[PDB]
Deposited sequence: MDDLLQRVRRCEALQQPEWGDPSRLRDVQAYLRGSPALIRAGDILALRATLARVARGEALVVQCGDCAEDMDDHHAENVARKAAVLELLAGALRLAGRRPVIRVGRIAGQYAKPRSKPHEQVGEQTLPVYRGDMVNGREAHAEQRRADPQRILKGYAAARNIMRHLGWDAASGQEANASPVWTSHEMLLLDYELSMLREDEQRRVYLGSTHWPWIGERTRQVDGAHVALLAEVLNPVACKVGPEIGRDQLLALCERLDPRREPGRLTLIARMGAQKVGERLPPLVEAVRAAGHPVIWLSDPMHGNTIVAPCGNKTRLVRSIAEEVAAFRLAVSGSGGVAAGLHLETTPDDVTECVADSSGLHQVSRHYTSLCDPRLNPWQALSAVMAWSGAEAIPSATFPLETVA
């Protein structure tokens, strides 16, 4: 509505950029507010019903794409390649998990990243293509809200290429981290019954560092038609998580809430099961996906951070044991990947030396399709 904006704008907002010109933002937000939504409420409903099936344990989920999307990579060929990666993993998971697989993308809006510390020589950290320039500088890192406008345009293109231009396939659903508010608040819409929905993406999640119960991001998604998701990390409280679930799934609707566990290969086995049982006890028909990526980030001797593939697979296996054991629906995988033949991730600790070459990520290390294949295989 506009009610919702008011409510959300009177909460605390984390990881929000300092936009240079207040006027330009007002202009941008106006333009976005008066533009077509990227997705449709009927499709949202469609997906929502599918995720109800996933909560009943009769279907599985593969979510995959870049850490930080490149918004010159909005062209037919390259999105085709990303969709092919999804084909590959979907088929693999179907065979490993013996259930139907829903394809979901980290695409058409992954243009913002949250930062642990805001601040080379004490410069401002890179925030994504929707916020600031890639190269480390003074002026480039200056936040430019026109980038949001460019991001919208690229996202529209990607949606067209994906097949959400007209009504018809076996669809590729769209998801990205709903961290930003100026963009996202401008993308709110109402349906035929005045029920509000987020119009930027089918299936948004909230990042680990913006999931405060009394916070803005939760408030937004709390009152939104879209199926919602939330990242969950090792050092979250039982009581915390319960409150979070009450706000995002008050009616205990199966398919509504999705919790993506990212707590690392070692910690997951000890941390996850108490959380899962409490949510089961609370009566939330939640669906758990594993995020074995962000739990297991590791610094290589040369090159950036990487992740050992063995570690990722370990976590996937442990995740399923934990969730299934404690009585929850273990429903699939959340991975960051790429079609490009990169070496950003390596099989194991021995391989650490060859990280450097073929490393193209704007942010976190991604899995090459075949590495991701290994990760999905662990599911059994």
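Residues of the deposited sequence lacking C-alpha coordinates, counted from 1, fall in the stretches 120-123, 173-177, 390-405.
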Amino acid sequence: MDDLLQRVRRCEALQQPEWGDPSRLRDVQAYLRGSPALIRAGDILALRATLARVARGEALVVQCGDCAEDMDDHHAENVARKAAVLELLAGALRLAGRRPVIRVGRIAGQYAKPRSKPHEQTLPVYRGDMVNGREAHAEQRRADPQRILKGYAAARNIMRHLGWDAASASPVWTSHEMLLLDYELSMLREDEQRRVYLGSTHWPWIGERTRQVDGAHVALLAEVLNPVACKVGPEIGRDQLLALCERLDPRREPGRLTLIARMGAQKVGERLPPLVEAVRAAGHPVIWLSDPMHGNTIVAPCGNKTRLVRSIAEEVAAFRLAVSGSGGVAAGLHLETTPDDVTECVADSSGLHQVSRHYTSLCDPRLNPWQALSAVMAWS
From here on, numbers count along this sequence of modelled residues.
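As listed in the deposited structure, the average C-alpha B-factor of 180-188 and of 303-311 is greater for 303-311. Across the two stretches, 354-362 and 368-376, the PDB entry reports the greater mean Cα temperature factor for 354-362. Per the PDB entry, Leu123 shows the highest C-alpha temperature factor of the residues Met159, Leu123, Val228, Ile260. In this structure the maximum Cα B-factor among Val196, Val218, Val232, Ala169 is found at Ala169. Among the modelled residues of its chain, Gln240 has a C-alpha B-factor that falls in the highest third, as given in the PDB entry. Among the modelled residues of its chain, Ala83 has a C-alpha B-factor that falls in the lowest third, as given in the PDB entry.
The deposited CA B-factor of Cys345 belongs to the highest third of values across its chain. Remark: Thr337 belongs to the lowest third of its chain, ranked by C-alpha B-factor as recorded. For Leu89, the recorded CA temperature factor ranks within the lowest third of the chain's modelled residues.
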